[PDB]
2 protein chains.
Amino acid sequence: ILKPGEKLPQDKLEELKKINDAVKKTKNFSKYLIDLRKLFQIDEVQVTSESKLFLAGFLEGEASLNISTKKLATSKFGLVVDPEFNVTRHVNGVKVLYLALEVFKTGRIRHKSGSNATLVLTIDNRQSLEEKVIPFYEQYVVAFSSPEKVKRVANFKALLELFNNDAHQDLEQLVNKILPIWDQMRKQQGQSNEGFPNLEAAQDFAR
Amino acid sequence: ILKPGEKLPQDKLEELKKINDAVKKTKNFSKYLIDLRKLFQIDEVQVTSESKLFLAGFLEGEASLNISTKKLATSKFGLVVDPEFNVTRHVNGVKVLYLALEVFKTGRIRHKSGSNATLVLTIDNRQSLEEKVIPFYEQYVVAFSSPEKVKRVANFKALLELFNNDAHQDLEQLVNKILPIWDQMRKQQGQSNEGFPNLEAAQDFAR
DNA sequence: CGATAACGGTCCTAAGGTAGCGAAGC
DNA sequence: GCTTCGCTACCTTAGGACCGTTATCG
Ligand SMILES: [Ca+2]
Ligand SMILES: [Ca+2]
Ligand SMILES: [Ca+2]
């Protein structure tokens with residue numbers, strides 16, 4: 001339990017990079033979990049319908065389904081639409097991040113670069129996001145969730161189904177169905193480093 | 001649904017004040033709920049075992065149990081130690097704020113001064129905090145909570161029992177039991193607005 | 001006569017939300 | 001050759017977490 005302004009020791013940082021490197025190689029998720037609990041000294045959590053409702057309200061507060069569009073020269077067009085699920089939390093709160101990992105049975109917990117002791121859980125694979133993350137929200141979040149977040153969910157889902165149909169491979173599906181969703185979902189349009197400044201700017205670069 | 005950078009419009013702000021001004025005059029809480037439901041177009045709710053567990057996760061995320069220590073010239077010792085529970089959310093998520101109100105049966109929703117469109121729900125009445133808020137944390141939160149947050153609950157509760165026994169108007173207990181719990185729960189020590197630099201300074205002032 | 005309820009104001013990083021690049025793979 | 005994985009750095013604001021007075025009330 002580390003206090004405000006107090007940093008994650010560089011060694012624990014080392015070990016985290018290491019145990020993430022390990023699961024990458026062996027794909028032993030079961031061992032990923034074990035590694036984490038020992039590193040962060042985390043008590044077991046059984047995964048019950050109750051702990052899952054707890055998680056669900058935690059994600060309502062703390063999680064984000066977002067979509068980036070960035071330039072990739074080698075890509076079929078100039079650009080790439082890249083969804084992610086992520087949840088942030090200070091180390092003191094890893095127990096709840098660790099709960100998420102067990103429920104989704106996928107994800108990686110990293111240190112948040114630039115932060116003193118902040119951790120982040122991300123799930124970027126599209127199969128994991130359709131099979132694990134989206135059905136979680138529909139099952140345990142949506143009933144209690146706000147209109148803005150419910151829409152967030154249907155839209156992330158729409159995108160992923162598009163991707164299932166190679167609409168990012170096509171061009172009259174991309175510009176007119178994928179990029180829209182990206183634009184409608186931004187919460188930081190106007191950012192300094194922003195991929196693109198508006199819908200059309202990205203549409204007029206798919207071209 | 002307000003976009004990033006959209007202020008909550010002034011007609012709503014004014015209407016929220018009349019609504020808070022009305023419940024303070026009448027004490028008709030069911031009616032406060034009705035007014036908020038209609039002001040924000042919120043779907044009226046069953047409080048279930050299920051929606052409580054969801055609120056538990058949300059509060060782990062967005063709620064704060066805090067203790068402030070501040071000069072008050074007219075008080076027995078010139079300073080007051082003051083517990084507060086609050087929960088903050090952008091207006092697009094008022095629906096879960098309404099759920100909290102509905103589960104605690106008390107609290108007030110107000111606009112966060114100086115924000116685009118954020119709202120804060122507060123409970124400061126010490127009987128409410130004892131009879132409603134902590135029991136909720138005990139029944140639904142603490143099982144899934146992080147070690148730090150569990151300990152903040154126990155320490156909040158320890159303060160509330162001290163105040164009930166009047167430790168705050170006995171110099172010794174104020175100095176020796178009350179102030180040290182305040183000090184251990186601090187999260188903003190060294191902020192420019194802080195009422196006391198540190199624990200010693202607060203014990204010295206009281207003496 | 002006080003305590004404390006009541007409620008606004010203030011601070012400011014831990015949370016949200018993004019983009020980029022090398023390496024690895026249908 | 002083009003898409004996806006992993007990890008790192010990045011940017012930006014709604015959250016947390018206080019503090020300051022004045023109304024209320026036994
Ligand atoms: Ca990615
Ligand atoms: Ca939060
Ligand atoms: Ca008070």
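Quick note: numbers below take in every heavy atom, side chains included, and nothing from hydrogens, waters or symmetry partners. Sequence lines set the chain letters: A, B, ... in the order given, protein chains first and strands last, and positions in each chain run from 1.
In this structure, the ring of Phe205(A) has its center less than 6.0 angstrom from the ring center of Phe196(A). In this structure, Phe85(B) has its ring center closer than 6.0 angstrom to the ring center of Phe104(B).
In this structure, the CD1 atom of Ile109(B) is 14 Å from the P atom of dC7(C), given to the nearest Å. Regarding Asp124(B), its CG atom lies at a distance of 15 Å from the P atom of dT24(D), rounded to whole Å. Here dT24(D) presents its P atom at 8 Å from NZ of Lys25(B), a figure rounded to the nearest Å. If you take CZ of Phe156(B) and P of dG16(D), they are 17 Å apart, rounded to a whole angstrom. In this structure, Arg108(B) atom CZ and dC7(C) atom P are separated by 7 Å, rounded to whole Å. Atom-to-atom, CG of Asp170(A) to P of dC2(D) comes out at 16 Å; the value is rounded to the nearest Å. Rounding to whole angstrom units, CG of residue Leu79(A) and P of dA19(C) are separated by 12 Å. If you measure from atom CG of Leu2(A) to atom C1' of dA14(C), you get 12 Å, rounded to the nearest angstrom.
Residue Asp35(B) forms a salt bridge (charged side-chain N to carboxylate O under 4.0 Å, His left out) with just one option from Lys31(B), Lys38(B), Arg37(B), and that option is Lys31(B).
Comparing the same atom, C1', in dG17(C) and in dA9(D) gives a spacing of 14 Å after rounding to whole Å. For the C1' atoms, the distance linking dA14(C) with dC10(D) amounts to 15 Å, nearest Å.
Here the groove touched by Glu84(B) is the major one: a side-chain heavy atom lies under 5.0 angstrom from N7, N6, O6, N4 or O4 of a paired base. Base-pair contacts of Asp82(B), counted as side-chain heavy atoms under 5.0 Å from groove atoms, all face the major groove.
Listed nucleotides: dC18(D), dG16(D), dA15(C). Nearest to the side chain of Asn66(B): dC18(D). Considering only the side chain of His90(B), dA14(D) comes nearest among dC11(C), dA14(D), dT3(D). Listed nucleotides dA15(C), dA5(C), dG6(D) differ in distance to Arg110(A); the shortest reach to its side chain belongs to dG6(D). Of the candidate nucleotides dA9(D), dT3(D), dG17(C), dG17(C) has the atom lying nearest to any side-chain atom of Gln188(A). With distances taken from any side-chain atom of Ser64(A) to the nucleotides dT18(C), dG16(C), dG15(D), the minimum falls on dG16(C). Nearest nucleotide to the side chain of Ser68(A), out of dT18(C), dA15(C), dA5(C): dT18(C).
At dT4(C), one or more side-chain N or O atoms of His168(B) fall inside 4.0 Å of OP1 or OP2 (strictly under the cut-off). OP1 or OP2 of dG8(C) sits under 4.0 Å from a side-chain N or O of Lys17(B). For the pair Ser113(A) and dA9(D), the criterion of a side-chain N or O lying under 4.0 Å from OP1 or OP2 is met. OP1 or OP2 of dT3(D) sits under 4.0 Å from a side-chain N or O of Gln169(A). For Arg186(A) and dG17(C), the shortest distance from a side-chain N or O to OP1 or OP2 is not below 4.0 Å.
Remark: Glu172(A) does not engage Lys177(A) in a salt bridge, criterion side-chain N to carboxylate O under 4.0 Å.
Within 4.0 Å (heavy atoms only), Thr69(B) reaches sugar-phosphate atoms of the nucleic acid but no base atom. Here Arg152(B) lies in heavy-atom contact (under 4.0 Å) with sugar-phosphate atoms only. Nucleic acid contact class of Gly61(B) (heavy atoms, under 4.0 Å, all strands): sugar-phosphate only. Across all strands, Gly114(A) comes closer than 4.0 Å to no nucleic acid atom at all (heavy-atom distances).
Taking the ring axis of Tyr32(B) as reference, the NZ or CZ atom of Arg108(B) stays within 45° of it and closer than 6.0 Å to the ring centre. For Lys52(B) and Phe136(B), the positive end is not near the middle of the six-membered ring at less than 6.0 Å and at most 45° from its axis.
Nearest-nucleotide positions on DNA chain D place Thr118(B) closer to the 5' end than the other of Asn86(B) and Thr118(B). In terms of position on DNA chain C, the residue among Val80(B) and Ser192(B) whose nearest nucleotide sits closer to the 5' end is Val80(B). In terms of position on DNA chain C, the residue among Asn20(B) and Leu72(A) whose nearest nucleotide sits closer to the 5' end is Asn20(B). When each of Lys24(B) and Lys76(A) is assigned the nucleotide of DNA chain D with its nearest heavy atom, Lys76(A) is the one assigned upstream, toward the 5' end.
The CG atom of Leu162(A) sits 9.0 Å away from the NE2 atom of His168(A) when rounded to the nearest 0.5 Å. A distance of 9.0 Å separates NZ of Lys151(B) from OG of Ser146(B), quoted to the nearest 0.5 Å.
Residue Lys112(A) places a side-chain atom within donor-acceptor reach of the base of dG16(C), judged by atom type and a 3.5 Å distance cut-off alone. Put simply, the side chain of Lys70(A) and the base of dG20(C) share a donor and an acceptor less than 3.5 Å apart.
Nucleotide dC18(D) carries a north sugar pucker, as its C1'-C2'-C3'-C4' torsion angle is positive.
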